[PDB]
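# Examination of the molecular architecture
This is what each chain is made of:
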Amino acid sequence: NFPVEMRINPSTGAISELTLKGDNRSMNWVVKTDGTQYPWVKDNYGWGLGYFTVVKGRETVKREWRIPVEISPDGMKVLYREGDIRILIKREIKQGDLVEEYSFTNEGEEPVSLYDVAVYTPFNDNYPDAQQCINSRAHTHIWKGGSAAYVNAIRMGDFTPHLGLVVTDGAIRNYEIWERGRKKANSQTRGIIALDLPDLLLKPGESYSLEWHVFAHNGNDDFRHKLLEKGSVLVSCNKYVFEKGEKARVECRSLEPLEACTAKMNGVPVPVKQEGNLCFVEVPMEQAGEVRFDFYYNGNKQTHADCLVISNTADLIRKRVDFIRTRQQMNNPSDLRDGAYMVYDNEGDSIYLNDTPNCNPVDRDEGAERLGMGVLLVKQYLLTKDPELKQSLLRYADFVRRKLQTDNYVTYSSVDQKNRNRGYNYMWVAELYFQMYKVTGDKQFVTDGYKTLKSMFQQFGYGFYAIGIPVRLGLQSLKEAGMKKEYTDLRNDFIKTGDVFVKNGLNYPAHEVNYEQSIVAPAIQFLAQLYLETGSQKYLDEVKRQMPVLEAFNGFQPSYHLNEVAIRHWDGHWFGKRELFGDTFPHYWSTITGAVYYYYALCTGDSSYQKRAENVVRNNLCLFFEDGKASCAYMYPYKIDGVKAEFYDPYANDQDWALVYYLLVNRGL
C-alpha cells in the first residue's frame, strides 16, 4: 500500500525525514530538525531522541540523549548511554510498517528512579499557509491511553495516505509541547511534541521497553482497524459528560477476546461484562466531578477513558448566567464601561480592568469576543423570561451602541475607540442586536443589526471569513420586522460572500492564524445557513466539499477534553491570565464545528450529525463550574516548555460563546 520510508540522521541517530512511498504529495510527516523549517528547531529534537530525569537518593540529573555510543551503518540500531541508563533503539520495516523498540536499561550498581521520561515525536503539525497545510501538514491526534496509546495524524486536506502510531509494548501516559513563544512563530505552530513514558523505577539490570508501529492508513476507520490488528484496544463511552444520575456505558473493543479484563471507576473496582471481543462497564454516575474509567487486561496492560459528571446542565447554565450578571457586569455610573460584561479574574474574585501589564491588552478589553456574554444572556432570557436579565441586557446593548460604536456603526472593542477596527467584532455586535429584537420587539435593533453588517461589508468587503456571521438570524429578523428592502439587500450581500467562499474553495486566506479551525468552520457555518435561506445547491455542494477538511481537525479520543474537539493551541496566550501557548482542549471555538454539524443535519437530514453536534457542545461544558465561574481555556498537555499545564486558566474571558452554541445546537436559539 504505502510503505514507510525514512532518512536517519547519521550524527544523532534520529529519524530526520519520515515519508510514505507512493504519496504523490511526498509529505514529510516530521518537522525538519536542522534549523531549515524553524531556525530554533535543531537536531536535539529529532524523532527518537529524548530525555529523562534520573534520581538516585538526593542526586537528581536531567539527561537528554542525542549522540549515540553506537549506530549501525543503516541507522536501524542506535545505542545511547546517559549516566547509568542505556537507551537502545531497534528499528525494522515489517510489511511496510516501521516498528521501533526502545529499551531503557539500568546498567548501574544502584536502583534508579526516572521521572519525566519522554521521546520526541516531532509530527509536522503547523500552519505555514493554507496550501502547504492542506497538502503537506497533519492534524496530530494524540491519545495518552497508556498501553493503548496512539497518534492518528490526518493530513490537513484529508487526502490519503494518513499516518498512525500505535503503541504495542509499554505505555504512553501523557505528552509535552516544546518550543512555543511569541518569537517562535506564535500561533502558527503546534510546536514539538514529546510523548511521555510512565515514571520508572529500575533496579540494576532491569529494563523498560516501549514499542510502537508507525504506518500508513486511509482514514479513521482504517486506522481503527489497523490499531486492533496490531493487538491494541479502543475505548469509548456513550457520552463524555454526564448529569448526575445518568448511566454510563464504557466499552473496550479488541480484535480477539481479552484475557482477565477488569475495570475501575476512580480507582474503585467495578464489574465488567465480556461478550467475545467486547468488554463493557455500565454504572450510574452519582457524584459530580471527574470520572476516570480504567481497563486492565492481558496481564500487564492498562488504558482509560476520561469523563465528567456535572450536577445538571440546566442548572449549570443558570448558574453561569447569574454569575455573568451579578459579578461580570460593570455596575458603576462614572466608569465609561458601565453596563459592559467584562473579563473576570477567578483567583482575585474581581472584574479585570485591563489596567495592568499583559501580553495583549486588546484581547482582555470590554468588547470584541466579550459580546458572547450578551448573546448568551439573550438566549437564556428567551428561555427563562428572567426580568433581571432583560434589564441587564438593555444596559449592555446601550453600552455597545453608545460606547463601542460610532453614530455611523463603525465598531470598536474599547471605549477609547483608539484601538483596532476588526471585522470579527461587527458580526457579534450585529448578532447581539438581532437577538435584542427578539427580547424587546423593538424594530430599531433590527435596523442597528442590519447597519452594523453594512458598515462591515463597506469596510472589509465580501470575503472576510468571520465567525458566526448571523445569516439566518439577520434575515429572519428582517422578515419578521417587515423590512422588505433591507431583507433583499442583506440577502444579496450574503450571496456575494457565498460566491467568494465558493470561488476560494480550500484556498483559505490567512487571518489571525494562517490556517485554522476558526477559518474553516465559519466558512461552512456561513454557507450552510446561506443554503438554508436560499436553497441554491452550489452552497451545499461547497459545504460537502469542505466538511472532510473541517472534520480532520477533530479526534475521537475517549475524553471529554478531546472527543470531537478541534485542535486549537494558542488562545491561552492571547486570552488567559497564564499567557501559555499550547494545546487548549477544549477551547470554546471548537463549538463552531458543533454549529456546523447542526446546520449540516438541517441541510441533509442526516441526524447522525445532530448527535455529533450535541457531543461537541456537551464536551465544552467542562469550561463552566458549579459556582457559576468559567474558564477561557483548558491547557491540556502535561507540560509546555517545562511549565506544568493541565489546568483551567483562571480568567473568564470569551468562553461564553460555547453556551451560545450549546443553545443553538440543542434548542435552535
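Residues numbered from 1 in each chain as written, not as in the entry; some residues may be left out. Heavy atoms only, no water. Residues with missing side-chain atoms left out of burial classes, pairs and counts.

The name given to the protein chain in the PDB entry is BACCELL_00875, with the source organism recorded as Bacteroides cellulosilyticus DSM 14838. Looking at the PDB record, one finds the entry titled "Polysaccharide Lyase BACCELL_00875".

The next point concerns the overall build of the protein chain. In terms of regular secondary structure, the protein chain is built from 15 helices and 32 strands. What you see for the protein chain is a C-alpha radius of gyration of 26 Å, in line with the 26 Å of a compact globule of 669 residues. Projected onto its principal axes, the C-alpha positions of the protein chain cover 80 × 55 × 50 Å. When contacts within the protein chain are restricted to residue pairs at least 6 apart in sequence, those whose partners lie at least 24 apart make up 66%. (Helix = DSSP H or I, 4+ residues; strand = E, 2+ residues; numbered from the N terminus. Rg over C-alpha atoms; globule rule 2.2 N^0.38 Å. Contact = heavy atoms within 4.5 Å.)

A word on the sheet that holds strand β21 (residues 268–270). Within the open sheet, the 5 strands sit side by side as β18-β25-β24-β20-β21. Their pairing is mixed. One side of each edge strand has no neighbouring strand; the edge strands of this open sheet are β18 (241–243) and β21. When the angles between neighbouring strand axes are averaged without regard to direction, this sheet yields 35°. Looking at chain direction, β18 and strand β25 (residues 301–310) are connected through 3 bridges and run parallel. When the sheet's bridge partners are listed, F242 is paired in β25 with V309. (Pairing = 2+ DSSP bridges. Axes fitted to C-alpha atoms, helices over the stretch in contact; angles between N-to-C directions.)

Further remarks concern unusual backbone geometry. In this structure, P161 follows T160 across a cis peptide bond, with omega equal to -5°. Considering the arrangement of structural elements, one finds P161 in the loop between β11 (150–155) and β12 (162–169). Of note in the backbone geometry, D158 takes a positive phi value of approximately 70° without being a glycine. Phi angles above zero are rare outside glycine, and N266 is one such case at about 45°. With respect to the helices, strands and loops of the structure, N266 is situated in the loop between β20 (262–265) and β21. Accessibility expressed as a relative area gives 46% for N266, which makes it partly exposed. (Buried < 20%, exposed > 50% of the residue type's maximum accessible area, 1.4 Å probe, protein only.)

Let us now look at the pattern of salt bridges. This model, assessed by the stated rule, comprises 47 salt bridges. A salt bridge links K319 to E626, with the nearest nitrogen and oxygen atoms 2.9 Å apart. In this pair, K319 sits in helix α3 (residues 313–327) while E626 sits in the loop between α14 (607–619) and β28 (634–635), placing the two residues 307 residues apart along the sequence. The network of salt bridges with common partners includes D116, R173, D199 and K639. (Salt bridge = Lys/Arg side-chain N within 4 Å of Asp/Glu carboxyl O.)

What follows is about the sheet that holds strand β32 (residues 651–652). Read from one edge to the other, the open sheet built from 3 strands follows the order β27-β26-β32, with strand pairing classed as antiparallel. Two strands close off the open sheet at either side, each with one partner strand: β27 (350–351) and β32. Bridge count between strand β26 (residues 344–345) and β32: 2 bridges; the pairing is antiparallel. From the neighbouring strand, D345 faces β32, where its bridge partner is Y651.

Below, the discussion takes up the layout of surface pockets. If a probe the size of a water molecule is rolled over the atoms, the empty space left behind becomes visible. Counted as a void, the largest pocket has a volume near 480 Å³. If you trace the largest pocket, you find 23 residues lining it, with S236, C237, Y240, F556 and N563 closest to the centre. Residue assignment for the lining of the largest pocket shows that the elements contributing at least two residues are β17 (234–237), β19 (247–253) and α14. Sorting elements by how many residues they give to the lining of the largest pocket places α14 first, with 5 residues. In this structure, the second largest pocket occupies an estimated 400 Å³ of space. Residue lining of the second largest pocket: 22 residues in total, with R472, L473, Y599, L664 and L669 positioned closest to the centre. (1 Å grid on protein atoms, 1.4 Å probe; cavity = no way out; pocket = protein on both sides within 12 Å on 5 of 7 lines; lining within 4 Å. Points joined across faces, edges and corners; volume = space filled by probe spheres on them.)

What follows concerns the packing of helix α6 (residues 423–440) against helix α8 (residues 471–480). It is the contact of α6 with α8, at a shortest axis distance of 10 Å, that shows an interaxial angle of 40°. By the angle between their axes, α6 is oblique relative to α8. Crossing geometry of α6 relative to α8 is assigned as left-handed. Counting all contacts with α6, which are made through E431, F434, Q435, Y437 and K438, the residues of α8 involved are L473, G474, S477 and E480. (Parallel < 35°, antiparallel > 145°, perpendicular 65-115°, else oblique. Left-handed = near helix turned anticlockwise from the far one by under 90°.)

Okay, helix α13 (residues 591–604) next. For α13, spanning 14 residues, the distance from its first C-alpha to its last is 20 Å, which sits close to the expected 20 Å at 1.5 Å a residue. Within α13 the residues assigned to the buried category are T591, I592, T593, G594, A595, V596, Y597, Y598, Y599, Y600, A601 and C603. Residues of α13 that are buried in the fold lie against α8, α10 (517–534), α11 (537–551), α14 and α15 (657–667). Count one or two residues on from α13 and you reach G605, which has phi positive near 70°. (Expected span 1.5 Å × (residues − 1).)

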